[PDB]
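In the form deposited in one PDB entry, a lone chain appears below as structure tokens.
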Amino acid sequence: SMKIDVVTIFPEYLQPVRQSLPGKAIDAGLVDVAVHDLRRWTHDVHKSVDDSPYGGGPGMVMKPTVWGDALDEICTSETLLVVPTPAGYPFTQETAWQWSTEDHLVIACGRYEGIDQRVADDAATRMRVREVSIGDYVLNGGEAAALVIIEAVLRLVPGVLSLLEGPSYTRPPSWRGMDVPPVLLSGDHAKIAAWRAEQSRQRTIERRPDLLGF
């Protein structure tokens, strides 16, 4: 059974919710998710987790001594350490598939300005480390990115459940002046597949022209 440890300064934000796909996976015994308050590994009364960046600049950088202790305790040699960061390699469906068969994911959630690079560099000498971005936008921290990664990965674990997908329809056949495309009701399943391919092509050209090569 997969183990996922999430380390964050926002533990209640990342607490699993029963009424959700990860909540369902947990209650099904298909994953164990544990959320850890990073402050647990702080050294001082202020529970300090970041510090000013060397070289100057706005924002803060998360402390290596704090993260170092947290990961020392939580990780083992089998761990895949996931570090969400907008400077990461792209997280894709392929990645989600790879991680879905891992025994132990640890997701280190930090502010977007980053965790001191030595944490990942050190960790990588003992375990596999993956710095990943979930998209071309900036979140204040990796917390919401962790939620996305967990959702994408867990729905691929057995038992939990190119081109763009085109429009989909269901009952009633007519609604507010709009009819479901009659081909879908034709019982000509080869034709339906061809029609769906064309819908997919048109939607991809319109919304994601990057996916068509060219």
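Here, rigid core means the biggest group of C-alpha atoms that superpose within 1.5 Å across both forms. Throughout, we count residues from 1 along the sequence that is shown.
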Q) Should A146 be counted as unmodelled in at least a third of the other PDB entries compared? A) no
Q | Missing-residue flag, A28, threshold a third of other entries | A | yes
**Q.** Between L156 and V157 - deposited residues without coordinates, as a size class
**A.** none
Q | Residue stretch of maximal mean CA temperature factor, 28-36 vs 143-151 | A | 28-36
Q | Comparing 52-60 with 66-74, the one whose average Cα B-factor in the PDB entry is higher | A | 52-60
Q | B-factor third for the C-alpha atom of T42 within its chain | A | lowest
Q | Chain thirds of CA B-factor: placement of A197 | A | middle
Q) Split the chain's modelled residues into thirds by Cα B-factor; is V6 in the lowest, middle or highest one? A) lowest
Q | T79 - Cα temperature factor, lowest/middle/highest third of chain | A | middle
Q | Third of the chain, ranked by Cα B-factor, where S168 sits | A | lowest
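Form deposited in another entry: not shown, discussed below.
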Q | Entry of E151, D51, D179, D27 that shows, once the rigid core is matched between the shown form and the other one, a C-alpha shift of 2 Å or more | A | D27
Q) Taking the rigid core as reference, does the Cα of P16 move 2 Å or more between the shown form and the other one? A) yes
Q. Any idea whether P11 and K24 get closer or farther by CA distance in the other entry, knowing it moves 3 angstroms or more?
A. farther
Q: With a shift of at least 3 angstroms, figure out whether the C-alpha spacing between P22 and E143 grows or shrinks in the other entry: closer or farther?
A: farther
